[PDB]
Amino acid sequence: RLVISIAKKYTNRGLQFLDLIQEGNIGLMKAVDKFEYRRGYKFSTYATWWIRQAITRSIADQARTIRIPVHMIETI
DNA sequence: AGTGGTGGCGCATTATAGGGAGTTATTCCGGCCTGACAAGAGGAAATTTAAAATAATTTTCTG
């Protein structure tokens, strides 16, 4: 449910909700496999971080038909 | 009048941005081949003038 909770943010960037939740699942798995409890870092933040890092990356890249650099998106 | 509470700083934790490294892909820099000019040579068509002949003018001779 955490992935679902964070996903509902990105809900209008030309992306089927389910694709969003899927990208979030990939990011969460990546965080879990990379999560470090011994490095000294709040687990939940680490997770959510990766979640966003994946979701925003996916929307930036595959949202628009003509793919556009991400810094350009930030400019917009 | 004392024990706790408040604020500020410290310690520990948390979050965010920039820089370095890579990597790709566009873009500048240089040599070398095309392309243009200037010249030179040998041989051949064209043009011009001089000389030689037919058809007309002038003079002379004949009827």
# chains A, B, ... in the order shown; residues from 1 in each chain; ligands from 1
$ closest_atom_pairs --of "chain B" --to "chain A" --cutoff "9 Å" --atoms "only C-alpha atoms (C1' of nucleotides)" --output "JSON lines"
{"residue": "B:13", "atom": "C1'", "partner": "A:41", "partner_atom": "CA", "distance": 7.4}
{"residue": "B:14", "atom": "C1'", "partner": "A:41", "partner_atom": "CA", "distance": 7.3}
{"residue": "B:15", "atom": "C1'", "partner": "A:45", "partner_atom": "CA", "distance": 8.9}
$ residues_around --residues "residue 7 in chain A" --least-positions-apart "5" --cutoff "8 Å" --atoms "only C-alpha atoms (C1' of nucleotides)" --output "CSV table (one decimal) with C-alpha atoms, in the first residue's frame"
chain,number,residue,atom,x,y,z
A,17,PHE,CA,-2.3,4.7,-12.9
A,20,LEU,CA,2.7,4.4,-12.1
A,21,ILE,CA,2.1,1.8,-9.4
A,24,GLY,CA,6.8,2.4,-7.9
$ closest_residue --among "A:76, A:8, A:2, A:28" --to "residue 60 in chain A" --atoms "only C-alpha atoms"
A:76
$ residues_around --residues "residue 43 in chain A" --least-positions-apart "3" --cutoff "12 Å" --atoms "only C-alpha atoms (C1' of nucleotides)" --output "PyMOL selection string"
(chain A and resi 28+31-40+46-50) or (chain B and resi 13-14)
$ write_last_selection --atoms "C-alpha atoms (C1' of nucleotides)" --output "compact mmCIF listing (two decimals), in the first residue's frame"
# COMPACT_ATOMS: atom_id res chain seq x y z
CA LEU A 28 10.63 -0.14 -3.93
CA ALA A 31 15.44 0.20 -2.49
CA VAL A 32 14.83 -2.98 -0.50
CA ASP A 33 17.64 -4.86 -2.23
CA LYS A 34 19.87 -1.79 -1.83
CA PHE A 35 18.56 -0.75 1.60
CA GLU A 36 21.33 -0.39 4.18
CA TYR A 37 20.38 -0.51 7.86
CA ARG A 38 24.06 -0.42 8.87
CA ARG A 39 24.87 2.74 6.91
CA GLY A 40 22.72 4.81 9.28
CA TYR A 46 15.31 5.56 1.72
CA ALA A 47 12.37 3.62 0.29
CA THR A 48 10.26 6.66 -0.62
CA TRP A 49 13.37 8.28 -2.10
CA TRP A 50 13.90 5.40 -4.51
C1' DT B 13 20.08 11.83 11.90
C1' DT B 14 17.99 13.12 7.72
$ select_by_dssp --residues "range 1-70 of chain A" --states "helix (DSSP H, G or I)" --output "ChimeraX atom specification"
/A:2-7,17-34,43-62,70
$ atom_distance --atom1 "CA of residue 62 in chain A" --atom2 "CA of residue 3 in chain A"
19.5 Å
$ decode --residues "range 2-35 of chain B" --atoms "N, CA, C and O atoms (P, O5', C5', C4', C3', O3' and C1' of nucleotides)" --output "mmCIF file, in the first residue's frame"
data_model
loop_
_atom_site.group_PDB
_atom_site.id
_atom_site.type_symbol
_atom_site.label_atom_id
_atom_site.label_comp_id
_atom_site.auth_asym_id
_atom_site.auth_seq_id
_atom_site.Cartn_x
_atom_site.Cartn_y
_atom_site.Cartn_z
ATOM 1 P P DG B 2 16.489 26.426 48.348
ATOM 2 O "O5'" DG B 2 15.927 25.071 47.698
ATOM 3 C "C5'" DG B 2 14.627 24.604 48.050
ATOM 4 C "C4'" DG B 2 13.973 23.866 46.901
ATOM 5 C "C3'" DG B 2 14.893 23.084 45.964
ATOM 6 O "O3'" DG B 2 14.174 21.983 45.401
ATOM 7 C "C1'" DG B 2 13.882 24.779 44.743
ATOM 8 P P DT B 3 14.847 20.543 45.151
ATOM 9 O "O5'" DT B 3 13.868 19.867 44.065
ATOM 10 C "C5'" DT B 3 12.476 20.194 44.105
ATOM 11 C "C4'" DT B 3 11.874 20.379 42.720
ATOM 12 C "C3'" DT B 3 12.492 19.581 41.572
ATOM 13 O "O3'" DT B 3 11.519 19.403 40.549
ATOM 14 C "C1'" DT B 3 12.832 21.810 41.122
ATOM 15 P P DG B 4 11.535 18.135 39.561
ATOM 16 O "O5'" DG B 4 10.839 18.706 38.239
ATOM 17 C "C5'" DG B 4 9.632 19.464 38.354
ATOM 18 C "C4'" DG B 4 9.658 20.668 37.429
ATOM 19 C "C3'" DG B 4 10.032 20.382 35.971
ATOM 20 O "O3'" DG B 4 9.290 21.240 35.088
ATOM 21 C "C1'" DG B 4 11.482 21.964 36.795
ATOM 22 P P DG B 5 8.471 20.653 33.837
ATOM 23 O "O5'" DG B 5 7.912 21.957 33.072
ATOM 24 C "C5'" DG B 5 7.873 23.244 33.721
ATOM 25 C "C4'" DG B 5 8.592 24.307 32.898
ATOM 26 C "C3'" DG B 5 8.797 23.961 31.422
ATOM 27 O "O3'" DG B 5 8.894 25.127 30.610
ATOM 28 C "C1'" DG B 5 10.867 24.225 32.379
ATOM 29 P P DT B 6 8.343 25.145 29.100
ATOM 30 O "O5'" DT B 6 8.710 26.616 28.568
ATOM 31 C "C5'" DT B 6 9.372 27.554 29.429
ATOM 32 C "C4'" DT B 6 10.606 28.165 28.769
ATOM 33 C "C3'" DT B 6 10.717 27.973 27.257
ATOM 34 O "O3'" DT B 6 11.231 29.151 26.639
ATOM 35 C "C1'" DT B 6 12.623 27.036 28.286
ATOM 36 P P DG B 7 11.019 29.398 25.067
ATOM 37 O "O5'" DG B 7 12.479 29.765 24.518
ATOM 38 C "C5'" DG B 7 13.320 30.670 25.233
ATOM 39 C "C4'" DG B 7 14.786 30.315 25.046
ATOM 40 C "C3'" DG B 7 15.207 30.003 23.610
ATOM 41 O "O3'" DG B 7 16.501 30.518 23.356
ATOM 42 C "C1'" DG B 7 15.781 28.198 24.962
ATOM 43 P P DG B 8 16.883 31.188 21.948
ATOM 44 O "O5'" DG B 8 18.462 30.919 21.827
ATOM 45 C "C5'" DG B 8 19.257 30.821 23.015
ATOM 46 C "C4'" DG B 8 20.323 29.737 22.902
ATOM 47 C "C3'" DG B 8 20.720 29.327 21.486
ATOM 48 O "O3'" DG B 8 22.063 28.908 21.486
ATOM 49 C "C1'" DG B 8 19.922 27.449 22.553
ATOM 50 P P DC B 9 23.064 29.180 20.263
ATOM 51 O "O5'" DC B 9 24.218 28.103 20.543
ATOM 52 C "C5'" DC B 9 24.498 27.722 21.898
ATOM 53 C "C4'" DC B 9 24.829 26.246 22.014
ATOM 54 C "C3'" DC B 9 25.389 25.588 20.760
ATOM 55 O "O3'" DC B 9 26.207 24.493 21.128
ATOM 56 C "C1'" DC B 9 23.396 24.546 21.258
ATOM 57 P P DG B 10 27.561 24.146 20.342
ATOM 58 O "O5'" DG B 10 27.819 22.609 20.722
ATOM 59 C "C5'" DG B 10 27.370 22.084 21.989
ATOM 60 C "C4'" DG B 10 26.872 20.654 21.844
ATOM 61 C "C3'" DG B 10 27.442 19.900 20.653
ATOM 62 O "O3'" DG B 10 27.471 18.508 20.920
ATOM 63 C "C1'" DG B 10 25.153 20.055 20.374
ATOM 64 P P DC B 11 28.704 17.600 20.442
ATOM 65 O "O5'" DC B 11 28.098 16.118 20.395
ATOM 66 C "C5'" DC B 11 27.046 15.738 21.287
ATOM 67 C "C4'" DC B 11 26.036 14.835 20.594
ATOM 68 C "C3'" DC B 11 26.562 14.110 19.359
ATOM 69 O "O3'" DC B 11 25.878 12.892 19.183
ATOM 70 C "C1'" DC B 11 24.804 15.469 18.699
ATOM 71 P P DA B 12 26.612 11.592 18.595
ATOM 72 O "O5'" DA B 12 25.399 10.742 17.999
ATOM 73 C "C5'" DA B 12 24.113 10.848 18.600
ATOM 74 C "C4'" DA B 12 23.026 10.873 17.548
ATOM 75 C "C3'" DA B 12 23.410 10.287 16.190
ATOM 76 O "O3'" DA B 12 22.278 9.774 15.574
ATOM 77 C "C1'" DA B 12 22.816 12.471 15.848
ATOM 78 P P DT B 13 22.314 8.481 14.633
ATOM 79 O "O5'" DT B 13 20.968 8.680 13.794
ATOM 80 C "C5'" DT B 13 19.891 9.442 14.374
ATOM 81 C "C4'" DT B 13 19.141 10.235 13.325
ATOM 82 C "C3'" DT B 13 19.247 9.688 11.907
ATOM 83 O "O3'" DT B 13 18.096 10.015 11.202
ATOM 84 C "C1'" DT B 13 20.081 11.828 11.902
ATOM 85 P P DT B 14 17.425 9.007 10.157
ATOM 86 O "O5'" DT B 14 16.544 9.990 9.260
ATOM 87 C "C5'" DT B 14 16.049 11.208 9.824
ATOM 88 C "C4'" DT B 14 16.071 12.321 8.797
ATOM 89 C "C3'" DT B 14 16.124 11.834 7.353
ATOM 90 O "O3'" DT B 14 15.493 12.746 6.510
ATOM 91 C "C1'" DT B 14 17.988 13.125 7.720
ATOM 92 P P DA B 15 14.601 12.247 5.280
ATOM 93 O "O5'" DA B 15 14.554 13.529 4.337
ATOM 94 C "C5'" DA B 15 14.763 14.815 4.890
ATOM 95 C "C4'" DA B 15 15.461 15.708 3.895
ATOM 96 C "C3'" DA B 15 15.333 15.270 2.439
ATOM 97 O "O3'" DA B 15 15.322 16.396 1.622
ATOM 98 C "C1'" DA B 15 17.584 15.310 2.982
ATOM 99 P P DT B 16 14.389 16.500 0.324
ATOM 100 O "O5'" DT B 16 15.138 17.631 -0.522
ATOM 101 C "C5'" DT B 16 15.885 18.635 0.173
ATOM 102 C "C4'" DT B 16 17.118 19.045 -0.600
ATOM 103 C "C3'" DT B 16 17.096 18.708 -2.091
ATOM 104 O "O3'" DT B 16 17.753 19.717 -2.795
ATOM 105 C "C1'" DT B 16 18.962 17.704 -1.126
ATOM 106 P P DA B 17 17.287 20.213 -4.248
ATOM 107 O "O5'" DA B 17 18.568 21.040 -4.721
ATOM 108 C "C5'" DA B 17 19.383 21.661 -3.727
ATOM 109 C "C4'" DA B 17 20.839 21.573 -4.102
ATOM 110 C "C3'" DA B 17 21.123 21.458 -5.596
ATOM 111 O "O3'" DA B 17 22.370 22.024 -5.876
ATOM 112 C "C1'" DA B 17 21.924 19.551 -4.583
ATOM 113 P P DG B 18 22.651 22.884 -7.198
ATOM 114 O "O5'" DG B 18 24.247 22.851 -7.264
ATOM 115 C "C5'" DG B 18 24.990 22.661 -6.051
ATOM 116 C "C4'" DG B 18 26.237 21.848 -6.297
ATOM 117 C "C3'" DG B 18 26.792 21.905 -7.713
ATOM 118 O "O3'" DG B 18 28.179 21.680 -7.669
ATOM 119 C "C1'" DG B 18 26.189 19.724 -7.285
ATOM 120 P P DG B 19 29.201 22.482 -8.605
ATOM 121 O "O5'" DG B 19 30.476 21.512 -8.641
ATOM 122 C "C5'" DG B 19 30.750 20.661 -7.515
ATOM 123 C "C4'" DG B 19 31.275 19.305 -7.955
ATOM 124 C "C3'" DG B 19 31.880 19.259 -9.351
ATOM 125 O "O3'" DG B 19 32.883 18.272 -9.400
ATOM 126 C "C1'" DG B 19 30.097 17.790 -9.295
ATOM 127 P P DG B 20 34.217 18.478 -10.264
ATOM 128 O "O5'" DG B 20 34.812 17.003 -10.370
ATOM 129 C "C5'" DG B 20 34.572 16.055 -9.330
ATOM 130 C "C4'" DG B 20 34.376 14.680 -9.926
ATOM 131 C "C3'" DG B 20 34.984 14.517 -11.314
ATOM 132 O "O3'" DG B 20 35.372 13.182 -11.537
ATOM 133 C "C1'" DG B 20 32.695 14.199 -11.482
ATOM 134 P P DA B 21 36.535 12.833 -12.584
ATOM 135 O "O5'" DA B 21 36.465 11.240 -12.725
ATOM 136 C "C5'" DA B 21 35.422 10.503 -12.086
ATOM 137 C "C4'" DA B 21 34.473 9.911 -13.115
ATOM 138 C "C3'" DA B 21 35.039 9.855 -14.544
ATOM 139 O "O3'" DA B 21 35.327 8.508 -14.907
ATOM 140 C "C1'" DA B 21 32.757 10.619 -14.492
ATOM 141 P P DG B 22 35.929 8.158 -16.355
ATOM 142 O "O5'" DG B 22 34.656 7.658 -17.175
ATOM 143 C "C5'" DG B 22 33.616 6.954 -16.509
ATOM 144 C "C4'" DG B 22 32.341 7.020 -17.316
ATOM 145 C "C3'" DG B 22 32.497 6.790 -18.822
ATOM 146 O "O3'" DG B 22 31.887 5.551 -19.178
ATOM 147 C "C1'" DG B 22 31.027 8.612 -18.314
ATOM 148 P P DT B 23 32.298 4.779 -20.524
ATOM 149 O "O5'" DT B 23 30.963 4.764 -21.408
ATOM 150 C "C5'" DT B 23 29.772 5.413 -20.959
ATOM 151 C "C4'" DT B 23 29.168 6.263 -22.064
ATOM 152 C "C3'" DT B 23 29.946 6.238 -23.393
ATOM 153 O "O3'" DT B 23 29.228 5.465 -24.389
ATOM 154 C "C1'" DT B 23 29.214 8.452 -22.777
ATOM 155 P P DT B 24 29.369 5.767 -25.966
ATOM 156 O "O5'" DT B 24 28.422 7.024 -26.227
ATOM 157 C "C5'" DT B 24 27.172 7.108 -25.585
ATOM 158 C "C4'" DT B 24 26.216 7.975 -26.379
ATOM 159 C "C3'" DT B 24 26.291 7.806 -27.889
ATOM 160 O "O3'" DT B 24 25.019 8.015 -28.475
ATOM 161 C "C1'" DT B 24 27.102 9.979 -27.266
ATOM 162 P P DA B 25 24.848 8.013 -30.072
ATOM 163 O "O5'" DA B 25 24.880 9.566 -30.439
ATOM 164 C "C5'" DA B 25 24.149 10.491 -29.657
ATOM 165 C "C4'" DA B 25 24.452 11.908 -30.089
ATOM 166 C "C3'" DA B 25 24.553 12.107 -31.602
ATOM 167 O "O3'" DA B 25 23.966 13.319 -31.988
ATOM 168 C "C1'" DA B 25 26.567 12.781 -30.611
ATOM 169 P P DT B 26 23.767 13.656 -33.542
ATOM 170 O "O5'" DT B 26 24.463 15.082 -33.677
ATOM 171 C "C5'" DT B 26 23.766 16.223 -33.255
ATOM 172 C "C4'" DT B 26 24.714 17.358 -32.929
ATOM 173 C "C3'" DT B 26 25.222 18.153 -34.129
ATOM 174 O "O3'" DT B 26 25.286 19.532 -33.812
ATOM 175 C "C1'" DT B 26 27.070 17.251 -32.970
ATOM 176 P P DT B 27 25.557 20.615 -34.963
ATOM 177 O "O5'" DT B 27 26.753 21.481 -34.355
ATOM 178 C "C5'" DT B 27 27.662 20.865 -33.457
ATOM 179 C "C4'" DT B 27 29.069 21.400 -33.614
ATOM 180 C "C3'" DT B 27 29.362 22.139 -34.918
ATOM 181 O "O3'" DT B 27 30.323 23.147 -34.701
ATOM 182 C "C1'" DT B 27 30.750 20.264 -34.787
ATOM 183 P P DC B 28 30.710 24.177 -35.869
ATOM 184 O "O5'" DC B 28 32.304 24.200 -35.803
ATOM 185 C "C5'" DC B 28 32.955 24.790 -34.696
ATOM 186 C "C4'" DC B 28 34.407 24.365 -34.646
ATOM 187 C "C3'" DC B 28 35.289 24.986 -35.719
ATOM 188 O "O3'" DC B 28 36.578 25.271 -35.203
ATOM 189 C "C1'" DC B 28 35.287 22.628 -35.964
ATOM 190 P P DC B 29 37.722 25.848 -36.170
ATOM 191 O "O5'" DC B 29 38.533 24.554 -36.618
ATOM 192 C "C5'" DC B 29 39.364 23.888 -35.697
ATOM 193 C "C4'" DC B 29 40.432 23.109 -36.428
ATOM 194 C "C3'" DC B 29 41.116 23.890 -37.542
ATOM 195 O "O3'" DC B 29 42.507 23.636 -37.556
ATOM 196 C "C1'" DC B 29 39.988 21.981 -38.455
ATOM 197 P P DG B 30 43.431 24.300 -38.686
ATOM 198 O "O5'" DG B 30 43.723 23.080 -39.663
ATOM 199 C "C5'" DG B 30 44.507 22.005 -39.195
ATOM 200 C "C4'" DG B 30 44.618 20.921 -40.238
ATOM 201 C "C3'" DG B 30 45.264 21.360 -41.551
ATOM 202 O "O3'" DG B 30 46.167 20.383 -42.003
ATOM 203 C "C1'" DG B 30 43.112 20.467 -41.974
ATOM 204 P P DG B 31 47.102 20.671 -43.273
ATOM 205 O "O5'" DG B 31 46.672 19.521 -44.283
ATOM 206 C "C5'" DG B 31 47.220 18.235 -44.126
ATOM 207 C "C4'" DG B 31 46.726 17.306 -45.206
ATOM 208 C "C3'" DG B 31 47.385 17.488 -46.567
ATOM 209 O "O3'" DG B 31 47.495 16.226 -47.231
ATOM 210 C "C1'" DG B 31 45.073 18.029 -46.719
ATOM 211 P P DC B 32 47.972 16.098 -48.763
ATOM 212 O "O5'" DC B 32 46.992 14.981 -49.331
ATOM 213 C "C5'" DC B 32 45.638 14.990 -48.926
ATOM 214 C "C4'" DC B 32 44.697 14.970 -50.109
ATOM 215 C "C3'" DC B 32 45.361 14.919 -51.472
ATOM 216 O "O3'" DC B 32 44.525 14.229 -52.349
ATOM 217 C "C1'" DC B 32 44.176 16.935 -51.303
ATOM 218 P P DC B 33 45.044 13.685 -53.760
ATOM 219 O "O5'" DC B 33 43.882 14.187 -54.723
ATOM 220 C "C5'" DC B 33 42.671 13.472 -54.762
ATOM 221 C "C4'" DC B 33 41.548 14.355 -55.251
ATOM 222 C "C3'" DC B 33 41.567 14.608 -56.744
ATOM 223 O "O3'" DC B 33 40.277 14.845 -57.226
ATOM 224 C "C1'" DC B 33 41.874 16.641 -55.662
ATOM 225 P P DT B 34 39.937 14.640 -58.777
ATOM 226 O "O5'" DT B 34 39.236 16.018 -59.174
ATOM 227 C "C5'" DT B 34 37.878 16.186 -58.923
ATOM 228 C "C4'" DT B 34 37.487 17.651 -58.912
ATOM 229 C "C3'" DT B 34 37.431 18.274 -60.298
ATOM 230 O "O3'" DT B 34 36.455 19.288 -60.351
ATOM 231 C "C1'" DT B 34 39.033 19.427 -59.063
ATOM 232 P P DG B 35 35.930 19.830 -61.766
ATOM 233 O "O5'" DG B 35 35.489 21.335 -61.467
ATOM 234 C "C5'" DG B 35 36.030 22.028 -60.346
ATOM 235 C "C4'" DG B 35 36.668 23.341 -60.771
ATOM 236 C "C3'" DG B 35 36.696 23.573 -62.284
ATOM 237 O "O3'" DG B 35 36.662 24.951 -62.590
ATOM 238 C "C1'" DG B 35 38.874 23.526 -61.534
#
